Amino acid sequence: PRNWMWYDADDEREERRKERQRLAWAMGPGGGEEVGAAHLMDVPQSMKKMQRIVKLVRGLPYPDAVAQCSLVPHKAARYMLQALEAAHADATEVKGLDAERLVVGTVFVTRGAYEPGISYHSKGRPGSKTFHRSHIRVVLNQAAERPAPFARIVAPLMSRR
Amino acid sequence: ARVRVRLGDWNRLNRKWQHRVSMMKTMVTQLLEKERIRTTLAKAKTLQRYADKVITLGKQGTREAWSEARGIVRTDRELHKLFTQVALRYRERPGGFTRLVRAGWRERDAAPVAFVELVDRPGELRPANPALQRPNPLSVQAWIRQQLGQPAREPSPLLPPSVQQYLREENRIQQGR
Amino acid sequence: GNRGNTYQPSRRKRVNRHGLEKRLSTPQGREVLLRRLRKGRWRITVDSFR
Amino acid sequence: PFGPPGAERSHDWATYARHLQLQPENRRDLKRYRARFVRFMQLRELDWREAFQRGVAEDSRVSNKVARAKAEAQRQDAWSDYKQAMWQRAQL
Amino acid sequence: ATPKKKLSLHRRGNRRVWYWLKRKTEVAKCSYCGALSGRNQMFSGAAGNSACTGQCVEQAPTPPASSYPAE
Amino acid sequence: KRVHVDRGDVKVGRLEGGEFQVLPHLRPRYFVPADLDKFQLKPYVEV
RNA sequence: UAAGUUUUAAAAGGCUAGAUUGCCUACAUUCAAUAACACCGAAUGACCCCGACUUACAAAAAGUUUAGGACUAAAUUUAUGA
RNA sequence: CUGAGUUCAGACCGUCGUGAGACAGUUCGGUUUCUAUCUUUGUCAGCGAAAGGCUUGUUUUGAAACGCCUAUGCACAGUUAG
RNA sequence: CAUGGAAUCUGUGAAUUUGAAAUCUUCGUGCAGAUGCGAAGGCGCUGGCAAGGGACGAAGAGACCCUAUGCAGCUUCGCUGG
RNA sequence: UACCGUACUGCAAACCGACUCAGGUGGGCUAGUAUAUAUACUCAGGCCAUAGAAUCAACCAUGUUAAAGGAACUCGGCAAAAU
Ligand SMILES: [Mg+2]
Ligand SMILES: [Mg+2]
Ligand SMILES: [Mg+2]
Ligand SMILES: [Mg+2]
Ligand SMILES: [Mg+2]
Ligand SMILES: [Mg+2]
Ligand SMILES: [Mg+2]
Ligand SMILES: [Mg+2]
Ligand SMILES: [Mg+2]
Ligand SMILES: [Mg+2]
Ligand SMILES: [Mg+2]
Ligand SMILES: [Mg+2]
Ligand SMILES: [Mg+2]
Ligand SMILES: [Mg+2]
Ligand SMILES: [Mg+2]
Ligand SMILES: [Mg+2]
Ligand SMILES: [Zn+2]
């Protein structure tokens, strides 16, 4: 449990902050058993634009969550795919969780730091063209049984005699 | 505001009619120069209808058909291809010279995308069906086509043996004038 | 008639109005320069350079 | 470029002195005359460029106009061989 | 033409129901390359699929044809 | 680049008919020594 | 579409909910991105759409046709008299 | 929706006034802003899950489906409300 | 009927306004025209696209009238001054 | 025979308007049908980057056509049409 310490104060502050949130993640909402997770910071999308896609993958298993992200033309779905793939990579290679039983049990969108701008309304009045950002937290639990896939897998156009 | 889809007519394709006809002429010229082009669904369906009209005009092989295609079809390298390779390739096909396969959406505007290609060529994606299907003279269809006024309409080579006895003659050559 | 474009740029007129020498030509222009110095402005006149 | 090979090695001030000498009433406003001469010099440099562009365009038009007819002659003489090949193999 | 009060979090959520997307109930999955798309769409290498190995089409033999190549 | 500022050059002449004439006594002359080759003092002194 | 053509009684006529009764081999994908064409339509035992051919006694909306798209199967037809 | 008239700013004619000016005396000319939050209203749509016990009517290898009442769904829907 | 907005999708992406709201109808009452009080009644819930009667919609602490130890400019046989 | 200017832009996304602003910004050169620098098409040359994609909403803007009438509309033939 880190008997060593960093040399500079900035690295030590960052490492202590990291251990504080690893404490808060354990024994809290869920926690407990071994969990693959990811945190995709500073997605260049609004919170509503990400929440449009996040309401589709909430509670689904992993393969049909990837299916729901891959079946829409939205820009936010590619970032959601990036977050789900990072969480899957952590869960399968960093941890030792079994695949094909992972459920997306926790996904939500939080605020990011905005970039304030200016928009030029008429009659001299100012406006805004603020560039919004957001964060993604994905937690993939492992179920006790492989679940119902929720979307029927059919054969493609290529698989034809 | 005039109804084009729902009342069988040409698509508007977000364009004025002169721009629309010019764009279809450019796309049919591109479709026969490279035999598979990729575009949005509305242009793809309009291209399929226009391709059937242009290919049949090339299949006539007449001087008036050449004159009409000369304005319709731009390249001239491919006016020859339409009147020779495409005309001989689909000489007996009753329409349907083109297939459409959907290919997803494009990145710039999320518009649906379709692959449009000429059928019955080396490099096509599905086997074609024969344009004709030689009939069994010992089946119901042949007798219905004997009692009713229907032709035989059999599959044929480019020059059948019914012209062989004329072309074999040495007194029917005229020396080439 | 749309307003807002009263500033028509010209180097001759800018130097001839707000330059150093018209400021030094009159006494009250010299006290204008003196209180620019007393305020501590980095640019004394519109045409100063080095 | 765009001007003749004799355009270099030829001082243009001979034109200035020539039309200043034989017309003695160009000496009224000499500075205006010199401005008109320099304006003539820049204008002549532009007209050389325009003449070059028109000549190259008119050459390229007939070159492509010949090459297109050559391509059509090649295409027709390639089609005739195939047609005579089909009728010849119908003979055999 | 102007809101008279500030919208509450509950009223805003109720008003935003039109903005949400419906989940799709079918998907066409390639067993080799694991690709996902609709059943009416090509998603092989000719379309966008950098993971395609060609195993998606399992048979394509067409050797014979004869024509005049226009040159 | 805006008002034709004259730099710190030394003038070598004057215009008479618009043609500049460089005065020959104002041309630059540099009194370089006879030989700077095998001269026993270098720009650096050993420590 | 009206300027055209029909109909405008006692109560007539419409809209929403519905006691009951009956039935159930019903997870809802494709045929074009605004089905309003089409749910009182179709998806290969399919003329649903599109194309091709014919019709001046339709100045063109019907008739034939599975050529193309709605994929699909074999030991008696790559297949309906669609 | 108009601003034709009732609020101005320009000018003329008449009345009153020393005059700046006043006239609800006559004339000519003279900026009509607003992207609907929710209250109504028209119309088009989404959400408002279930399976309950069968001591299973039966079977052994209280779990599995089977048979029941109605529960949803769908159809026709009071001499049936509004 | 034509073109371009509007309506559908993808991408970028404001502002006016805002005591808090979970804001029904009629009659009565009431700082005298009630979403909020009383009596009676109605109402599955939430929206898109439209229309704007209400929210004494929003936009200016000056349209008009009155007041100020109020200002300002103008006028004159108002007063006083070289 | 020195010194200063020489890039790029300059009816404009680079100047003046808070903006990549439908506004304002001086002078000069130019081919054919053809005839005037007007008008239609075009030469040299340049451009089709700054939201895209289909479709039949209502409604709005801008236009084309309209049977029989024709200012009957309206404060006023305003606006369109017409020569
Ligand atoms: Mg329209
Ligand atoms: Mg035109
Ligand atoms: Mg002007
Ligand atoms: Mg200013
Ligand atoms: Mg077929
Ligand atoms: Mg439009
Ligand atoms: Mg009341
Ligand atoms: Mg409603
Ligand atoms: Mg609305
Ligand atoms: Mg007082
Ligand atoms: Mg301009
Ligand atoms: Mg401005
Ligand atoms: Mg501009
Ligand atoms: Mg032109
Ligand atoms: Mg563009
Ligand atoms: Mg008439
Ligand atoms: Zn694959």
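The numbers here are math on the coordinates, done by the rules we state, and not lab data. Using ideal geometry, Cβ is built from the backbone for each residue, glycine included, and neighbour counts are taken over all protein chains shown.
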Going by what's in this entry, would A:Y114 be described as of a type in the set (F, W, Y) and surrounded by fewer than 17 Cβ atoms within 10 Å (Cβ to Cβ)?
yes
Of the numbered conditions (1) exposed (fewer than 10 other Cβ atoms within 10 Å of the Cβ); (2) within 16 Å of the chain's Cα centre (by Cα), F:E46 satisfies every one except a single condition; which is it?
(2)
Does A:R137 count as among the basic types (K, R), surrounded by 14 or more Cβ atoms within 10 Å (Cβ to Cβ) and either away from ligand 4 (no atom under 16 Å from the Cβ) or outside any helix (DSSP H, G or I) (or both)?
yes
Looking at (1) on the phi > 0 side of the Ramachandran plot; (2) without any contact (Cβ under 8 Å) to a residue 12 or more places away in the chain, which is the only condition D:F2 fails?
(2)
If we ask which residues in region A:1-60 are β-branched (V, I, T) and over 25 Å from E:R16 (Cβ atoms), their number turns out to be 1
Looking at (1) within 14 Å of chain E (Cβ to nearest Cβ); (2) farther than 19 Å from E:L36 by Cβ; (3) within 12 Å of the chain's Cα centre (by Cα), which one does A:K49 not meet, given that it meets all the others?
(3)
Only one of E:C56, E:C30 is within 11 Å of ligand 17 (Cβ to nearest atom), facing another protein chain (nearest Cβ under 7 Å), of a type outside the set (D, E) and within 23 Å of B:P122 (Cα to Cα), namely E:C56
Flag for B:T29 being farther than 30 Å from B:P155 by Cβ, part of a strand (DSSP E or B) and among the hydroxyl-bearing types (S, T, Y)
no
Has region B:113-133 got at least one residue that is out of contact with any helix residue (DSSP H, G or I) (no Cβ under 9 Å at 6 or more places or on another chain), in a strand (DSSP E or B) and within 16 Å of RNA strand I (Cβ to nearest atom)?
no
Please work out which residue is nearest to RNA strand J (Cβ to nearest atom), limiting yourself to region A:140-150 and to residues that are more than 14 Å from chain E (Cβ to nearest Cβ) and surrounded by 10 or more Cβ atoms within 10 Å (Cβ to Cβ).
A:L140
In contact (Cβ under 8 Å) with a residue 12 or more places away in the chain and either over 30 Å from A:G124 (Cα atoms) or away from RNA strand H (no atom under 16 Å from the Cβ) (or both): which single residue out of C:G19, C:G40, C:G29 fits that description?
C:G19
I'd like the full set of residues that are in contact with a strand residue (DSSP E or B) (Cβ under 7 Å, 6 or more places away or on another chain), away from ligand 17 (no atom under 16 Å from the Cβ) and touching a residue at least 60 places away in the same chain (Cβ under 8 Å), limited to region A:55-78.
A:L60, A:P61, A:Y62
Could you tell me whether region B:122-137 includes any residue that is loosely packed, with under 10 Cβ neighbours inside 10 Å and over 23 Å from E:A65 (Cβ atoms)?
yes
Quickly run through region D:34-73 and pick out the residues that are within 12 Å of another protein chain (Cβ to nearest Cβ), closer than 30 Å to B:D76 by Cβ and surrounded by 11 or more Cβ atoms within 10 Å (Cβ to Cβ).
D:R68, D:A71, D:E72
Looking at (1) free of Cβ contacts under 8 Å to residues at least 24 places away in the same chain; (2) within 14 Å of another protein chain (Cβ to nearest Cβ); (3) assigned to a helix (DSSP H, G or I), which one does A:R22 not meet, given that it meets all the others?
(2)
Residues of region B:77-103 satisfying the condition of being among the hydroxyl-bearing types (S, T, Y) and either within 16 Å of RNA strand H (Cβ to nearest atom) or within 8 Å of chain E (Cβ to nearest Cβ) (or both)
B:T84
When residues of region E:36-47 are limited to those that are of a type outside the set (S, T, Y), within 11 Å of chain B (Cβ to nearest Cβ) and buried (at least 18 other Cβ atoms within 10 Å of the Cβ), the one nearest to RNA strand H (Cβ to nearest atom)
E:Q41
Of B:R106, B:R126, which residue is over 30 Å from A:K75 (Cα atoms) and not small (G, A, S)?
B:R126
Tell me which of these B:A110 doesn't satisfy, since it passes every other one: (1) without any contact (Cβ under 8 Å) to a residue 12 or more places away in the chain; (2) touching a strand residue (DSSP E or B) at 6+ places or on another chain (Cβ under 7 Å); (3) not hydroxyl-bearing (S, T, Y).
(2)
Within region B:45-56, identify whether any single residue is more than 16 Å from RNA strand I (Cβ to nearest atom), within 14 Å of chain E (Cβ to nearest Cβ) and under 19 Å from B:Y90 (Cα atoms), and answer yes or no.
no
